[PDB]
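Trainee: Experimental structure and sequence below, a few questions after.
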Amino acid sequence: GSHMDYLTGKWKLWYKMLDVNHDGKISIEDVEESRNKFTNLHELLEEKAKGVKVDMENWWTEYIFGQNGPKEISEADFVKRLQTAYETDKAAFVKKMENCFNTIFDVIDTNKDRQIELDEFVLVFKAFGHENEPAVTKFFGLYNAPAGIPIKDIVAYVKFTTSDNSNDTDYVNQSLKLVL
Ligand SMILES: [Ca+2]
Ligand SMILES: [Ca+2]
């Protein structure tokens, strides 16, 4: 239904952000390119960087790939598995999406002040291959928190990945059509 058609569009858009190497699959080269450029661009040294790399890779294997999952994920396979999950238990699906973005936004939280500064936010996109800096910054401005968007803005990506309502004012859906 239309609930699903609007959601399918957001899920496909979210797939293109995750596919860092624009090859139509989610694979280990995506995990490696994103984690390597995240640590390098935060001026991290070898130990703290590898610890950040373990954290990034655990996020991918838990919330994207899934245990007992395929080695590579197409967009079709990605939307098929998210659709099946939403149809079987929506409440559980929302919780998993909450748990997902809670994990990643803590990685993005580099100073650990439990908020997402402008610098932390532009760099996760830059690490994930997205260099539209005026569009990331205008995206940041939409949340009226100039010096710090609190990490309970995973509720924005919860809306983006779980809401079935085409009427929502979704700043994530709006700005990712500009950044990527
Ligand atoms: Ca890829
Ligand atoms: Ca921070």
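Mentor: Yes, it's here. Residues are numbered from 1 along each chain as shown. Ligands and ions are numbered 1, 2, ... in the order given.
Trainee: Tell me where the longest helix sits in the protein.
Mentor: For the chain, the helix that runs over the most residues, judged by DSSP state H, is helix 90-108.
Trainee: Buried ones in that helix, by neighbour count?
Mentor: Residues of helix 90-108 classed as buried by neighbour count (16 or more other C-beta atoms under 10 Å): 93-94, 96-98, 100-101, 103-108. Placement of C-beta: from N, CA and C, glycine included.
Trainee: Also stretch 130-144?
Mentor: Using 16+ other C-beta under 10 Å as the test for burial, stretch 130-144 gives 130, 132, 135-136, 139-140.
Trainee: Which positions in this structure make contact with ligand 1?
Mentor: 19, 21, 23, 25, 30 (C-beta under 5 Å from the ion).
Trainee: quick revisit: pick the one among the buried residues of stretch 130-144 closest to ligand 2.
Mentor: residue 140 (12.5 Å; C-beta to the ion).
Trainee: rewinding a little: tell me which other helices or strands the longest helix of the chain touches.
Mentor: For helix 90-108, the packing partners by 3 or more C-beta pairs under 8 Å, 6 or more residues apart in numbering; DSSP states H and E come out as helix 46-60, helix 75-88, helix 118-127, helix 154-162.
Trainee: What is the second one packed up against?
Mentor: With contacts defined as 3+ C-beta pairs under 8 Å, 6+ apart, the secondary structure elements packing on helix 75-88 are helix 2-18, helix 90-108.
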